[PDB]
Amino acid sequence: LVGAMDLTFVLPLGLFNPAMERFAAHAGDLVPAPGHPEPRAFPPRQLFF
Amino acid sequence: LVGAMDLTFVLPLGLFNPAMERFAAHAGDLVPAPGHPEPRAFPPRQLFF
Amino acid sequence: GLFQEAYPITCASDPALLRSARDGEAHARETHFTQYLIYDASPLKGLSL
């Protein structure tokens, strides 16, 4: 009665937001430092968990 | 039964945020005087605890 | 093997989206620009591990 359970999980990589979902919640958040690139605007090549 | 415990701790110094972790988290905040440099954008040489 | 399915895990393409994820799916950032978060739908949701 100490058993096992298998579960497959799924993660997307490099996928891409639909046209409507590319907004930001507010004008300033996750803002880059003043003269910087804003890496949040390029396509995601990574995934975190 | 009044015992003792030894714990080693760890602190980083002078390290540097990863590329994606170098963001403000909101536009205005920890904002310097309107005239000044905003030292928050340089590398940390110090540590506070 | 029965349901023919695989479950999402909480994952973000940002460290700062993933930081929103902790504390549950209330205020989690589900998209920021091209960055996306996916919260946990899985038999393990609501558990600790």
# chains A, B, ... in the order shown; residues from 1 in each chain; ligands from 1

$ closest_atom_pairs --of "chain B" --to "chain C" --cutoff "12 Å" --atoms "only C-alpha atoms" --output "tab-separated table"
residue	atom	partner	partner_atom	distance
B:17	CA	C:15	CA	11.7
B:18	CA	C:15	CA	9.9
B:19	CA	C:15	CA	10.4
B:20	CA	C:15	CA	7.2
B:21	CA	C:15	CA	6.9
B:22	CA	C:16	CA	10.0
B:23	CA	C:16	CA	9.0
B:24	CA	C:16	CA	10.7
B:25	CA	C:16	CA	8.6
B:26	CA	C:16	CA	11.9

$ residues_around --residues "residue 34 in chain A" --least-positions-apart "6" --cutoff "12 Å" --atoms "only C-alpha atoms" --output "ChimeraX atom specification"
/A:28 /B:22-24,26-28,31,37-42

$ select_by_dssp --residues "chain C" --states "alpha helix (DSSP H)" --output "list in words"
residues 15, 16, 17, 18, 19, 20 and 21 of chain C

$ residues_around --residues "residue 36 in chain C" --least-positions-apart "4" --cutoff "6 Å" --atoms "only C-alpha atoms" --output "PDB file with N, CA and C atoms, in the first residue's frame"
ATOM      1  N   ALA C  12       7.562  29.238 -16.442  1.00  0.00           N
ATOM      2  CA  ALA C  12       7.547  30.517 -17.109  1.00  0.00           C
ATOM      3  C   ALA C  12       8.733  30.575 -18.044  1.00  0.00           C
ATOM      4  N   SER C  13       8.648  31.456 -19.021  1.00  0.00           N
ATOM      5  CA  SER C  13       9.799  31.756 -19.848  1.00  0.00           C
ATOM      6  C   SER C  13      10.654  32.870 -19.269  1.00  0.00           C
ATOM      7  N   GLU C  30       0.319  36.100 -16.333  1.00  0.00           N
ATOM      8  CA  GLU C  30       0.123  35.025 -17.283  1.00  0.00           C
ATOM      9  C   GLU C  30       0.728  35.335 -18.642  1.00  0.00           C
ATOM     10  N   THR C  31       1.006  36.601 -18.930  1.00  0.00           N
ATOM     11  CA  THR C  31       1.768  36.985 -20.106  1.00  0.00           C
ATOM     12  C   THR C  31       2.407  38.334 -19.834  1.00  0.00           C
TER      13      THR C  31
END

$ select_by_dssp --residues "chain A" --states "strand (DSSP E or B)" --output "PyMOL selection string"
chain A and resi 9-10+32+48

$ atom_distance --atom1 "CA of residue 46 in chain A" --atom2 "CA of residue 11 in chain B"
27.7 Å

$ residues_around --residues "residue 10 in chain C" --least-positions-apart "2" --cutoff "9 Å" --atoms "only C-alpha atoms" --output "ChimeraX atom specification"
/A:11,48-49 /C:8,12,18,21,37-41

$ write_last_selection --atoms "C-alpha atoms" --output "mmCIF file, in the first residue's frame"
data_model
loop_
_atom_site.group_PDB
_atom_site.id
_atom_site.type_symbol
_atom_site.label_atom_id
_atom_site.label_comp_id
_atom_site.auth_asym_id
_atom_site.auth_seq_id
_atom_site.Cartn_x
_atom_site.Cartn_y
_atom_site.Cartn_z
ATOM 1 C CA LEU A 11 6.408 22.291 -21.088
ATOM 2 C CA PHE A 48 12.097 28.021 -16.094
ATOM 3 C CA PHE A 49 10.568 25.785 -13.458
ATOM 4 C CA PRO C 8 1.325 21.122 -17.319
ATOM 5 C CA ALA C 12 7.547 30.517 -17.109
ATOM 6 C CA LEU C 18 7.860 32.490 -12.336
ATOM 7 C CA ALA C 21 3.670 32.091 -9.723
ATOM 8 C CA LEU C 37 3.670 31.765 -17.744
ATOM 9 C CA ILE C 38 1.834 28.487 -17.319
ATOM 10 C CA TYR C 39 0.423 27.557 -13.943
ATOM 11 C CA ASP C 40 0.058 24.026 -12.626
ATOM 12 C CA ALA C 41 -2.859 21.895 -13.762
#
